[PDB]
Every structure is written in structure tokens, then in C-alpha cells.
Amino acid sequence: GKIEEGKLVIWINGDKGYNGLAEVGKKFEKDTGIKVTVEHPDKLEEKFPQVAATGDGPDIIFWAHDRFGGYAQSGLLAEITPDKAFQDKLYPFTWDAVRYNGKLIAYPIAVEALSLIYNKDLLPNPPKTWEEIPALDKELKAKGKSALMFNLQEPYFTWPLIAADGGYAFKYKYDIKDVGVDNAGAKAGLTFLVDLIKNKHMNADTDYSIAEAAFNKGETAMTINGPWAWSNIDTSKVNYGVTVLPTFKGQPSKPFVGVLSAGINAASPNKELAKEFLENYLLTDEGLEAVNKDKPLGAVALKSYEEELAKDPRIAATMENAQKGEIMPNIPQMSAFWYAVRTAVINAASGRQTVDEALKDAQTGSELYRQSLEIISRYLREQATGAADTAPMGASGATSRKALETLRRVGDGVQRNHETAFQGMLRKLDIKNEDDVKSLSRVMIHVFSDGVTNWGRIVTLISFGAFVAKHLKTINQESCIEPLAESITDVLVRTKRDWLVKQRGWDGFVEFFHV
């Protein structure tokens, strides 16, 4: 329940230099008498938000920057306030990756991008194009080898191909309502991947460990991986090169670029020890060297140590691929986007869904929070004030508009028919201000998560929200309505994600209540 005072617990992914990080921990302990424990739990990026929401978890969490906006929005991260002298030691774009709602929410460590890694003894020159890989595989199969193996279980690895011909996550300012997962470009890329599998150039079951072992044993000519993998390749004594990813339809593969970052748990009683560790032990030439020697970091954020490593052709390749890619967003939706696309790739690769079916579901999943919030926020606000929002609905606007019209019909009926239960519960909850609204999340999840799933219960959730919003406006707390709508939306989408996607999201709602 409570994080222990007077020690540091650190979480980092099991593909990174955790033994090197522990060496930096030992240096810290030698100066201070404070013990540093480094752990690498499975699925730590999913475990962290669950444990931290209870006041528990590590003091420090390491992950790429994309997950940290979600954590910060949830109240799970301490604000970082390094002085100017410290801030100036790192590249400004790395600080930009860890800024959320104008606040620094983590320390940046290193820039990561995927590259094409190839065995010079099998393929002296790497392929410039994806399109030439089937013919290379045919050549290599006659030598008892194969052209390419990489992790097909994590969408981070397949994304560069999906993005190449025009797939995108959130259109870039970001337009969060503009998602590019089921467009022609995304379909072309994923169809190419699925055709590789159909034609027996790759196996849908290949994962990180299987691809790594095949490459490092000299069984496959190429893999796709990041700087952290280079240690194990060095140990293997494969004659490898690191290069630009192949093009698709003449266009570069576009890796999603990550900034490995270190956040401090909002519930830690060791925030000063954590800052001291991160600024004066880790983010130093010697600290980063200890970690980099274990598993390479990429292009480190620290100007002084990055200058020394920049002459490495493997780093040059990493940065070439990075320049062709895009820095990941850190918006809270990123977790949902990754879950949606992970499922789409796995299902398309296995034959569970067609490419069209798979990307349609991924588009729905990625759009779900924003579309749900549009509908709910508009209903609550128009209920409270008596007047509709004149602003355009935007992307998938017909669905939003029709869902709002449906909700007007069925939601107004629920508020009439359940006036007695609603008035009774409103009085018992005694909702007075924004603090009271913030306290609703836990109880709403409890009530709504229990029992059957159907559209009627979704209507009850939203309709009581409108009932509360009317109350809030009347008592001059209209500023609480948008936070209420965000809280309800979060409950809805977190608890019913898979069911909602199965219904075709809000189009299911509209069809369910037609006539």
C-alpha cells in the first residue's frame, strides 16, 4: 500500500541495461548509504498505473515517453523541476518529449528508433525496398536460410511499414479526432506484411526472443530492432550492419521514435533521493556509460556523452531512421492506440480477421475515447444550459450527431422515469465542487463494472451524469461539468472497451435504439 521511505525502488524494461543501472545504484549507495533496488517486471508499463493509483509501486519508472502523459493525467507522476544548469546539459527536443500540460513529467535519457540490422556474411548489401524481400528470401531459402525475422507480437515493430504509404496515429498541433489507422496507406502496409506471412517468408508466431535467437545464430539475414539489441549481437560474433529501413512504395519506413525517460512516482516519499540519483548519478557521462555498456541506449540526451558516441555508424543509422520517422505523442490516448493496433496486427497476421476488418476495429478502438467524450460532454452541457453546442462535430461527425440525437431521446426518458432514484442518489452524494466530482470515479467504476453489459446501462450512466450536470449549473458550478464528462467517459471506455468495439462503437448504439 505505501512506498518505503529511505530506499529507492526502480522499474525498467527487461530489454534495457538493468545491470548497468544497478551499478549506478551501487555508486549511489556508496555515497549515501541508501540501497537502490532495480527490478524489471513483465508488463511494467501496464502494472505501473495499477499499483501507482493505490499509492504503491516503484519510486522511479523507466519507459519510452509515450506512456507518461497518461500517467501524468492520472496524477501518478511528480513534477520534475531541474535547474537551468541541469536542463542545458540535455537536448531541448528531449525535454519536449517529457513535457505534458506545460510541466516536465520525467527526465529524458536517450533517443530510440528501430533500424534494419543485417548479416553481412549472408546479404553483403541490405535491400533498399520491402518489395525485393520475397525474392531475397527465395534465394536464401535455397541456402537453408531466410531473409527476415522480427517481432510480430508488438506493433512498434510493424508500425514503420504501416506508416510508410500513409498510415498515421494522430494527425499532426495534433488533431486527436483525426486517426489514420484504417486508410489506404495503412491497409497497403499491413497487406504487404500479411502477404509475407501467406507466402511463407515470415511466421505470424515470431516474437522478440525467436527473432533475436534466429538472427544471433546466423539463421536469418535480417532483423528489425533497436540499440538495446546490439550487445547480444556483439556477443554472438555475427558480422552485422545497422542501416536505413527499407522503403515501401518508394517511401521511407517511418519508425515511431521513443525517448527513454525516467519518471518519479507521485506517491514516493523519496522524491529528493530520486532527483539526486537521476541528475547526479545517472545523467552523467559515467552513469550513462555504465548503462550503455550493458545494453546500448541509442542517442543519449546528454550533450557531452552523445558527442562521444555520435561517430558510431550504428548510431548514425539510428538517427537517420529517427529523422524519417516521427516522435511519439505522449497523449493519454496512446495506450488505447497501441492496444487497438497490437490486436489488429496479430489478428491480420493469424488470419483471425482480414486486413480491412482488423484495421476497421483498430480505427474504432483508437477513436473511442474522443468520440465518446464528444457525445457525453455535449449531452451534459446542453442538458445543463438548455442550449446545444453549435460547433461542428468533426471527424466521424454523422455518428456523433446521430448518437447525440439518440441519447436525447433515450436519456431524457431515463431521467424522467428514474427521477425518484436520481434525485435520491444526487442528495446522498452531496456533490458540491470539483473535488467531489473527482471522487466519483472509484464508486462509478465499482457500480458500472458489476453485472451485465448493455446499452441501457450505458444510457443510465450518462443520463445520471446529465442529471448531475443540471444540478452543478444551478449551484454556479458549471466549471465542473467538463471534468464530470471526462470522468464518465474514462469509466465507460476503460470498463467496456472490447464490448464497445464489438458493437461498432457508437454506430451500434444508434442502430440498437433506431425507431
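Here the rigid core means the biggest group of C-alpha atoms that line up within 1.5 Å when the two forms are laid on top of each other. In this text, residue numbers run from 1 along the sequence as written.
Structural divergence in 9 other deposited structures of this protein between 431 to 439 and 182 to 190: following superposition by the core, 431 to 439 has C-alpha atoms lying farther from the shown form. Averaged over structures and residues, the CA distance from the shown form in 9 other deposited structures of this protein after a core fit is larger for 421 to 429, of the two stretches 347 to 355 and 421 to 429. Gap check for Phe93 to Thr94: zero deposited residues are absent from the model. Stretch comparison (67 to 75 versus 221 to 229) by mean CA B-factor in the PDB entry places 67 to 75 on top. Here 25 to 33 and 483 to 491 are compared by their mean Cα B-factor, and 25 to 33 comes out higher.
If you compare the C-alpha temperature factors of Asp361, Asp285, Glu131, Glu374 in the entry, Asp285 comes out highest. Within the selection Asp121, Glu154, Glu212, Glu139, the deposited Cα B-factor values reach their highest point at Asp121. Ranked within its chain, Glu320 lands in the middle third, by CA B factor from the PDB record. In the deposited entry, the Cα temperature factor of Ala387 sits in the bottom third of values across the chain's modelled residues. Placement of the Cα temperature factor of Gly456 within the chain: lowest third of the modelled residues, per the deposited record. In the PDB entry, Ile475 places in the middle third of its chain by CA B-factor. Sort the modelled residues of the chain by CA B factor and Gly55 lands in the highest third.
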